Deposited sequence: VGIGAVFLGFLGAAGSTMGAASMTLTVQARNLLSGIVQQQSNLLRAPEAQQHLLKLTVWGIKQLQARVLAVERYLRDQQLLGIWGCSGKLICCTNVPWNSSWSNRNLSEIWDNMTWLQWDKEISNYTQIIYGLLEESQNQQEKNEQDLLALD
């Protein structure tokens, strides 16, 4: 399918093409113009990698966590979310609530880290 070819497909089918999308993320005034975008892509990729690393999902494209999915975010069921709509409609459905989950995963990974350290130190 190539890069971004699974955009119109279902979320379940597009979950198998996450590798082709992740690998595509990386006189004087013209050199500066080019260098600005060249470094901007680096900061965007590093910011995404840092956000994934603080979530305990570093190096994993599909990493499920322990934060419970609130029913107020979406009352929609699983059977018509994965193999019925695309990722674009899903982004347009939880755009307001994205920051809430992004903030919740922070303390959830932090508590997991403290608890792992305490349980290993007790042993």
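Asker: Which ranges of the deposited chain go unmodelled, in order along the sequence?
Answerer: No C-alpha coordinates exist for 1 to 7, 34 to 55.
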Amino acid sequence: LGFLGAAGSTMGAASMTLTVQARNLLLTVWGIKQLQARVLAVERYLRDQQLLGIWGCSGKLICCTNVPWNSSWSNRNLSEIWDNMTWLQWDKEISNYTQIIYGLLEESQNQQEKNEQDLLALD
From here on, numbers count along this sequence of modelled residues.
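Take the two forms, superpose them, and find the largest set of C-alpha atoms that agree within 1.5 Å; that set is the rigid core.
Asker: With everything overlaid on the rigid core, name the stretch, 65 to 73 or 29 to 37, whose CA atoms wander farther on average in 6 other deposited structures of this protein.
Answerer: Higher root mean square deviation of C-alphas in 6 other deposited structures of this protein is shown by 29 to 37.
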